[PDB]
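1. Here is the sequence, then the experimental structure:
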Amino acid sequence: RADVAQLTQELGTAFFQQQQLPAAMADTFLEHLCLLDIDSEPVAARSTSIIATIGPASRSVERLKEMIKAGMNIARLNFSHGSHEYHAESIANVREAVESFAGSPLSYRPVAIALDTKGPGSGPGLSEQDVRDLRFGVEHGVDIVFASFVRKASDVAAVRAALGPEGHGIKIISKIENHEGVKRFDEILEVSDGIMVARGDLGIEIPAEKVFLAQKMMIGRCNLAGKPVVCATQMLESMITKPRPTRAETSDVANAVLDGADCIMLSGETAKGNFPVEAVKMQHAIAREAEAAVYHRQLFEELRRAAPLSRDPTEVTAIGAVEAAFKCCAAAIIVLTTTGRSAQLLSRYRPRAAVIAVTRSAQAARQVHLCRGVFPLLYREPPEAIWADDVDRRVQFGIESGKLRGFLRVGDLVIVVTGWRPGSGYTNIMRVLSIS
Amino acid sequence: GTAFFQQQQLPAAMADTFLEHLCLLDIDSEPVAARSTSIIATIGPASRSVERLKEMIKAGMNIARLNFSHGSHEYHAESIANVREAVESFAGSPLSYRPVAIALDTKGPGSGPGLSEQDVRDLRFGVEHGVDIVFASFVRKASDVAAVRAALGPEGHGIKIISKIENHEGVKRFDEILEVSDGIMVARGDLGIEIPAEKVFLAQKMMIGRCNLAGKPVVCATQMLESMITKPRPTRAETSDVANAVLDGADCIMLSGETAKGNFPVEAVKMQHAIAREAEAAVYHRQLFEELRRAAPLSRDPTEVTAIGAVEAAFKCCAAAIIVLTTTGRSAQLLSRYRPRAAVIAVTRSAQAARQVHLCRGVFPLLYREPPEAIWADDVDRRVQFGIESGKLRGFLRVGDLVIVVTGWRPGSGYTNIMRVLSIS
Amino acid sequence: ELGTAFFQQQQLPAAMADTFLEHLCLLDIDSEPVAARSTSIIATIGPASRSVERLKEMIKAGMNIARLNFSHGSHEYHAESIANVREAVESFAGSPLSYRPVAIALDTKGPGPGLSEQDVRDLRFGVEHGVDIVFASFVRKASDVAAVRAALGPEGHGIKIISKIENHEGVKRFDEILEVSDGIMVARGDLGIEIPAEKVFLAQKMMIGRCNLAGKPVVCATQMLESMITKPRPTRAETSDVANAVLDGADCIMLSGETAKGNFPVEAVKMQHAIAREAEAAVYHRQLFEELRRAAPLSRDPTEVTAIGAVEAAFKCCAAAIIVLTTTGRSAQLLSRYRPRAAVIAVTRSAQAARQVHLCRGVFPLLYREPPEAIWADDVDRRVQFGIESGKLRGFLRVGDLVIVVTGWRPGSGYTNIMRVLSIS
Amino acid sequence: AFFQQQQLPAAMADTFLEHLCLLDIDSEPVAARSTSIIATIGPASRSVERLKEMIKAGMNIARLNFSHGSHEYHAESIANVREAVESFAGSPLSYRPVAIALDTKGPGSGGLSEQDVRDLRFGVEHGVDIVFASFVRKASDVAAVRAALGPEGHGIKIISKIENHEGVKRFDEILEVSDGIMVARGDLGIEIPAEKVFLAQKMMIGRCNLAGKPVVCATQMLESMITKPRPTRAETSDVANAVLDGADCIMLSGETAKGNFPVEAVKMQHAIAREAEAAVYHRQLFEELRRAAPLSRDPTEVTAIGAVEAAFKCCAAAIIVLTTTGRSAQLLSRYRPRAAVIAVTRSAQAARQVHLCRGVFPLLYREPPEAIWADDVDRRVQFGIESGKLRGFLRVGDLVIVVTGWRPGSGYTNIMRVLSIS
Ligand SMILES: O=S(=O)(NCc1ccc(S(=O)(=O)c2cccc(O)c2)cc1)c1ccc(O)c(O)c1
Ligand SMILES: O=S(=O)(NCc1ccc(S(=O)(=O)c2cccc(O)c2)cc1)c1ccc(O)c(O)c1
Ligand SMILES: O=P(O)(O)OC[C@H]1O[C@](O)(COP(=O)(O)O)[C@@H](O)[C@@H]1O
Ligand SMILES: O=P(O)(O)OC[C@H]1O[C@](O)(COP(=O)(O)O)[C@@H](O)[C@@H]1O
Ligand SMILES: O=P(O)(O)OC[C@H]1O[C@](O)(COP(=O)(O)O)[C@@H](O)[C@@H]1O
Ligand SMILES: O=P(O)(O)OC[C@H]1O[C@](O)(COP(=O)(O)O)[C@@H](O)[C@@H]1O
Ligand SMILES: O=C([O-])C(=O)[O-]
Ligand SMILES: O=C([O-])C(=O)[O-]
Ligand SMILES: O=C([O-])C(=O)[O-]
Ligand SMILES: O=C([O-])C(=O)[O-]
Ligand SMILES: [K+]
Ligand SMILES: [K+]
Ligand SMILES: [K+]
Ligand SMILES: [K+]
Ligand SMILES: [Mg+2]
Ligand SMILES: [Mg+2]
Ligand SMILES: [Mg+2]
Ligand SMILES: [Mg+2]
């Protein structure tokens, strides 16, 4: 009580009853569970990204606008079905729906485009159709590749080579769908940007009753590595034909978030189902509840202890900033990033504070949706003559978008993370600012 | 041996942090322990035949649920008789006989404020037919439990009352309901309609946590393997749901339509059995036991003191089992609350207690049918040997294993006070 | 049941704290110690403490082990010291409330590369005079212990060898020395000359920690109350030193010149007694027991498994004592290694074991001399009641208290496998 | 080699038992001694030449015991201390500030005595930094001392001496209004049973550590060194245990005031404190300090925990902080970082007073000002870095954490920076 008494008197008892704060402050995991409250409403913005598969049920520009408003962050194109012409039209429709909100830069929501490959099938490695589809992705500017049936590190090197010199910036998320992928997980994760727990094929390749062990192990190892992990397949399966999900389905979504997943995915629920927008809304609602129920007290202690000592200033600043944010219940951590890396290093410590990432890179703004709790703001202004003033303008842009989206209020504390010189790789400063 | 320490997620169970525990989970680490989470199967047209009920007992059904929201007293009496006929068909081999509890799930109050007149008639039927458990529908306050207890009368004092929490008021008045109940059921079907669907997981995790703290049984119910009503395999969300209910701390998992009216009732029981075994091995006992020990209050009750000493002793030697002699099941329940990895083999002469201890995770009841020996200490030893011989036949024990034996200083309930380290010969 | 006053004594609020910081903040000078003093006091016998009348006063003040320093005096001088100690100890044989066994320890002169000629003759003298313990001076390697062990001839293998670590080599070869020794003495006098004085506290804390991990006795020695050789009261550094040796985990604390040649030998014993009682109540059992439990390897030895189960049971009910039947002292030692807050009352038929168990913190020996009963279970019950009645007589127990009883399944050393919860009647 | 020094295997242990088992007599201390030494000035330590030797041996605070001697005697003691301290001012990168503390006579049979009022006024007139207020029993005793210091003595630190049962019982109210505490074991050991003093010491140190306020352990720490060249085994153990308990300062009374080995007593406390600081179990300590410290919306408090967390993440050689009053350095010190807290200040009084906080190394900035505030700030940072390099705290390639504010004036610390040396 004395460790939260003055902040309780200051912020009020109502503040400490919302977002499962009594449960988050508990001394044991048992007490944390006992303190979970259905009347404790979530306050924070939803941090787990939603990946929606695009298909006949979610292809129209008007339908895509509704899905963006419902919470879709990443659009998945399943190259197991449809022609290149079909997928190019899907891409164009997504971009048209996304840019329809670009008129207001302080509220614009970027949406990443991910290409899910067909896979090797009976083959030993990269198929000829995969090579053509990967070149299509580079030519159409996709942000992410979900590489199907990755079984070893050489499979991801083949995908990287097929993307060529122009696709160096594309993120490769390896799909683990069989026993070999699970057994060679460490070598696959080392060369990948992230992982997808593809439970559909995984549940056929290994006994169905063992999939939860593979999911929890891979999420844990991705969290340890600080790399994005996606939980996928049959999350809200019954919503393909019904307006409401089963009790097992809502539980599954909540548990993927509690496990530590950065992203949650919808496949047939959005691609061919009768309720694509409702499926996105349901994942949004469950993820907000589940994020507030995360036991940050032990989680942060374990992430901190597991993370090795580092002499990289971005790594050092990131842990100092997350520690500072927890100390004052900071509403947000505003970070300036070029590639998204500084925001990713903040995200790996699982702060409760939203990580508002201000970037000039449209691709980085789309790709940071892979990292839990990163809210990208695309800055379109031309540079100031004085670099320090250009930095300050970018920080104020983050505060003003934060106030105009509800993340920040006057009186809040914010943590600002910047670097000492222009260019990527020099983040080294953490500032505590009071919102006026 | 090295092989012993690679099975049943033992590297993951020994980890120093929960993060390291998750990272060490292995799909190739096979479960060795017997399945400790009980399976409740609802009886209906798909699972009423004596031959079908025998298959479900072999698949792992521990409790048969009679849903009094459907069917007449005549229908439920035939269900009871069919269950008992299927259960007693294995009584010829006492070392392998599996007791099966009968639970009566009430229709509920409906629009009424308290106990309905149909519920009073159904509760009397249950007492007259010897049901072991009552799943009391829509419990909203402690007085609802007292009304059910009064309707059971003096002859139904031994029946367990498991309160179903199905609405916001039941969640808010949870502590007072749990205090007077024998346990709880998280009735997710109605709960998901009474409260927002996206909040049911918080109510489930909270109630399971509080029941685990109280040392009282908690059942997770509804739509666990819903798709298996028409399909032979469940969805990825359904297997995850069953595994997570076990990881949350549920003592029992339930099947409703999957066994009452579906096309795969035996397969639905086999699937819950398979998932529960995997999930139990993935329990992080290192932190779990530490938290249960610290949360449990100090006690001057010798059964309570012997139970914690026995669970501590079982962890120290990796005991294959804790064999406990019990009359009412209470000594086995107090062992179960500390969540030992060792199976709790409960030897009893009470057929009702043998059925009712299925409510407690990790309790394997053995019904002893021999008449008492003239010398009490010899009668005690004969029962303990019956526990060892059943354990060996069923695969729980092998020669060379260490077992913890929990007994009392005199006959009669309430006198457990002895813990003994035994080597299996 | 116990009252608010019970939970305010013996630093119980501080012992229940969730963190070590909160434990320190809750220490209270008004919280009085209730438990009997568990850290044994070793007093060096010399001109100031040799008379039978003076030795009776030191026994009453709390002396448990009499140390004979073979660096000074002849065999004839030490034989008279032994006879005077035995005469003073046996002067209380008539009164059960006052009779306490007192061990006799021989501290060797020391080495030369290995065992000196005088040490061989002195060790032979110790065997001939029935000493219980040998404090082997300047042990540097495992072969030094083996030489002392071999010098204990055909008749002295039951004597305990406590190795004195007095130099850099002994500290560096600590693990191999501890493995072959019965215990260790942190001989700070010579150690403080052999290594920099400012590093002695590191060596003391390390050796005490490793001895606690191994479950072997550790003695903290030299200059603990040095100023009391000439002054009636010690310095603030001296009382702090005694308290910190107990808090570190020392089984025994020692007095050298303070008792052998000083002006206040009895007052020095009284002061160590007073400080040790306060320091024992201030032990942070919550984290201590958790760490001892986790550090101790898994065991298939039933004595080791019973001991942890019994200490866990004692903590659960705030047992007034753990009564253990032991012939060699081993069962009492395995209880002592988990640092229970309850007194370990060790009932033995062995006078040697009764004297030697003073090396283990919290062990209160009772020598039992009744003729054996024909029925073994009757003999066991009689020794258990002897422990309860002596406990009642000495203030450890009252009617209504709970005790933990540790016994085995058959006669003979090595079969402890039973833990019972008993109510004092 | 780096990970074998300063008990680093023992500091990384998963349990306190394993931490103890891993303590190594061959693991040498590398960090600068963080626990300050308070030496009592008397006949054996009054000469300017003797005081220079004590400053070199490690004396950080000079204590004037007003229970003995006249105002004329103490004024000469003050002048001799200042002369010895300023004899090293020729080299600003290595100059060591020394605080002057006035220990009052006390109330005796009486609240605040008339002699105490005259002595407190003497202290203000002679510019003392700290007052060790004898026999404090309640919060009103502290208020009386504060009032006696008047308007000219607002900046003086009041360290309350707890010497009796009432002071122990009313501890929380006394600590709330005091700047810190002294565990005055001499009188405490006569007022309460001697066997209970260790409980009072450990409780008060724990509560001061929780409050983030300085605590001094005092009396008979190396008593035998008044006549002997080496201390007893109990005395070295006592000093080590006071440091391990969490004391910010350790004190010498008769050992330096009247003993035959005043310089050797200071050297012995220095040697023991260095060893004891390396044996601190930071893994559990930092976790507990972090959890115990309340949530805060004060940017200095928030920056302090972020900086200590960052220092542990990279094994930073130092945390360089700019402070006017010493407060920013005190808030870093409360989290017990292994990294030295190099406090760069212009205030000569703050530089002397921060010796009360464990691990704070004051540097008195006497370099010319920069016209641009930002350039002035960077220059004070470079000053900390050069003084750290000269004194052995830092080497090229080391990482430091730099703690500054957004605008001039005290109370605005809000920035933490990760900097690579040279
Ligand atoms: O939110 S956490 O901090 N939770 C950790 C946790 C602790 C203990 C258990 S227990 O011992 O199984 C248990 C204990 C009590 C009741 C009970 O029902 C179960 C479970 C979980 C987290 C999540 C993911 C991570 O990767 C991580 O590093 C940390
Ligand atoms: O009684 S114990 O459990 N001692 C607990 C202990 C843990 C951590 C620390 S600390 O982190 O340095 C520390 C120091 C000061 C304040 C503070 O907040 C934290 C000091 C002491 C014990 C004693 C001996 C053993 O062998 C053993 O396994 C356990
Ligand atoms: O996260 P990244 O990709 O390393 O980018 C962080 C970089 O952004 C900045 O804060 C601002 O840099 P720019 O002026 O190039 O946009 C740098 O100081 C820092 O190095
Ligand atoms: O768990 P319960 O119902 O308290 O039953 C435990 C009882 O069983 C026993 O072990 C054996 O008693 P019975 O001989 O009456 O079966 C008693 O000693 C003990 O009191
Ligand atoms: O501590 P120790 O030497 O192993 O002795 C414990 C032994 O004492 C007993 O409890 C009683 O044995 P005795 O009747 O032979 O004295 C044995 O069952 C047990 O093996
Ligand atoms: O520790 P204190 O007393 O708050 O002083 C810290 C102050 O030091 C600074 O970093 C430098 O300020 P000055 O220019 O006044 O020296 C301030 O911005 C900050 O408020
Ligand atoms: O391919 C997939 O996404 C799967 O199998 O889940
Ligand atoms: O009654 C039930 O089982 C439900 O509503 O879920
Ligand atoms: O002999 C001893 O005890 C010593 O040297 O400390
Ligand atoms: O005045 C003091 O410091 C004492 O009495 O200890
Ligand atoms: K695909
Ligand atoms: K019903
Ligand atoms: K000797
Ligand atoms: K004084
Ligand atoms: Mg697939
Ligand atoms: Mg219902
Ligand atoms: Mg010696
Ligand atoms: Mg005094």
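-> Alright, I've got the coordinates. Numbers count the residues shown, from 1 in each chain, chains lettered A, B, ... in the order given. Ligands and ions are numbered 1, 2, ... in the order given.
2. could you pull out the strands for chain A?
-> Under the criterion DSSP state E, chain A contains strands at A:49-54, A:72-78, A:112-116, A:144-147, A:171-176, A:194-198, A:229-232, A:263-266, A:332-336, A:354-359, A:374-378, A:413-419, A:427-434.
3. In a markdown table: the ones you listed, plus mean neighbour count.
-> (C-beta placed from N, C-alpha, C; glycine too.) As requested, those are exported to a markdown table (neighbours: other C-beta atoms under 10 Å in any protein chain shown):
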| stretch | mean neighbour count |
| --- | --- |
| strand A:49-54 | 26 |
| strand A:72-78 | 26 |
| strand A:112-116 | 25 |
| strand A:144-147 | 28 |
| strand A:171-176 | 24 |
| strand A:194-198 | 26 |
| strand A:229-232 | 28 |
| strand A:263-266 | 27 |
| strand A:332-336 | 28 |
| strand A:354-359 | 27 |
| strand A:374-378 | 24 |
| strand A:413-419 | 25 |
| strand A:427-434 | 23 |
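4. got a markdown table for those, with distance to ligand 8 too?
-> Shown next, in a markdown table, are these (distance: least, C-beta to the nearest ligand atom, whole Å):
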| stretch | distance to ligand 8 |
| --- | --- |
| strand A:49-54 | 28 |
| strand A:72-78 | 32 |
| strand A:112-116 | 36 |
| strand A:144-147 | 37 |
| strand A:171-176 | 34 |
| strand A:194-198 | 29 |
| strand A:229-232 | 26 |
| strand A:263-266 | 25 |
| strand A:332-336 | 40 |
| strand A:354-359 | 36 |
| strand A:374-378 | 38 |
| strand A:413-419 | 44 |
| strand A:427-434 | 49 |
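5. Now render those as TSV, adding distance to ligand 11.
-> Listed next are the strands of chain A as TSV, based on distance: least, C-beta to the ion, whole Å:
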stretch	distance to ligand 11
strand A:49-54	9
strand A:72-78	5
strand A:112-116	4
strand A:144-147	7
strand A:171-176	8
strand A:194-198	9
strand A:229-232	11
strand A:263-266	12
strand A:332-336	33
strand A:354-359	29
strand A:374-378	26
strand A:413-419	37
strand A:427-434	36
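6. Out of the ones you listed, which gets nearest to ligand 18?
-> The minimum distance between ligand 18 and these falls on strand A:427-434, with 43.0 Å, by C-beta to the ion.
7. now the closest one, how far from the chain's geometric center?
-> With C-alpha atoms, centre = their mean, to the nearest Å as the basis, strand A:427-434 stands 23 Å off its chain's centre.
8. Relative to ligand 13, how far out is residue A:263?
-> Distance, residue A:263 to ligand 13, by C-beta to the ion, to the nearest Å: 72 Å.
9. There's contact between that residue and residue A:231 in this structure, I believe.
-> Yes. Between residue A:263 and residue A:231 there is a contact at 7.2 Å, judged by C-beta atoms under 8 Å.
10. possible to save the strands of chain A as CSV with distance to residue A:283?
-> Below are the strands of chain A laid out as CSV (distance: least, C-beta to C-beta, whole Å):
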stretch, distance to residue A:283
strand A:49-54, 5
strand A:72-78, 9
strand A:112-116, 16
strand A:144-147, 18
strand A:171-176, 18
strand A:194-198, 16
strand A:229-232, 11
strand A:263-266, 6
strand A:332-336, 23
strand A:354-359, 18
strand A:374-378, 17
strand A:413-419, 28
strand A:427-434, 32
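11. Looking at those strands, which is nearest to residue A:15?
-> When those are compared by C-beta to C-beta, strand A:413-419 sits nearest residue A:15, at 13.1 Å.
12. Who are the packing partners of the closest one?
-> Counting contacts by 3 or more C-beta pairs under 8 Å, 6 or more residues apart in numbering or on different chains; DSSP states H and E, strand A:413-419 packs against helix A:313-328, strand A:332-336, helix A:341-347, helix A:387-404, strand A:427-434.
13. Using PDB, write out every CA atom in that strand.
-> C-alpha atoms of strand A:413-419 as PDB (Å, rounded to 0.1, in the frame of the first residue of the first chain):
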ATOM      1  CA  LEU A 413       3.900  12.100 -17.700                       C
ATOM      2  CA  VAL A 414       5.600  11.000 -20.900                       C
ATOM      3  CA  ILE A 415       9.000   9.400 -21.600                       C
ATOM      4  CA  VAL A 416      10.700  10.700 -24.700                       C
ATOM      5  CA  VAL A 417      13.400   8.600 -26.400                       C
ATOM      6  CA  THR A 418      15.800  10.200 -29.000                       C
ATOM      7  CA  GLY A 419      19.400  10.100 -30.200                       C
END
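14. near ligand 3, anything from that strand?
-> Yes. Counting by C-beta under 6 Å from any ligand atom, ligand 3 is contacted by strand A:413-419 at A:418-419.
15. strand partners of that strand, parallel vs antiparallel please.
-> Paired neighbours of strand A:413-419 in the sheet (DSSP bridges): strand A:332-336 (parallel), strand A:427-434 (antiparallel).
16. Please name whichever of those is nearest to ligand 17.
-> Here strand A:427-434 is closest among the strands paired with strand A:413-419 (C-beta to the ion), at 55.5 Å.
17. Using CSV, write out every CA atom in that closest one.
-> Listed next in CSV are the C-alpha coordinates belonging to strand A:427-434 (Å, rounded to 0.1, in the frame of the first residue of the first chain):
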residue,chain,number,x,y,z
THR,A,427,19.3,6.4,-29.8
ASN,A,428,20.8,7.2,-26.3
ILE,A,429,18.6,9.8,-24.6
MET,A,430,15.6,9.4,-22.3
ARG,A,431,13.6,12.4,-21.0
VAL,A,432,10.8,12.7,-18.5
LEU,A,433,8.2,15.3,-19.7
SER,A,434,5.0,16.7,-18.1
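18. what angle do it and helix A:313-328 make?
-> For strand A:427-434 against helix A:313-328, the angle by axes from the mean of the first three to the mean of the last three C-alpha atoms, to 10 degrees is 20 degrees.
19. Quickly check: strand A:427-434 near ligand 6 or not.
-> No. Using C-beta under 6 Å from any ligand atom, strand A:427-434 stays clear of ligand 6, coming no nearer than 12.0 Å.
20. Give me the residues contacting that strand.
-> In this structure, residues lying in contact with strand A:427-434 by C-beta atoms under 8 Å, 6 or more residues apart in numbering or on different chains are A:313-314, A:316-318, A:320-321, A:324, A:328, A:335-337, A:342, A:411-420, D:299, D:302-303, D:306, D:310, D:406, D:414-419.
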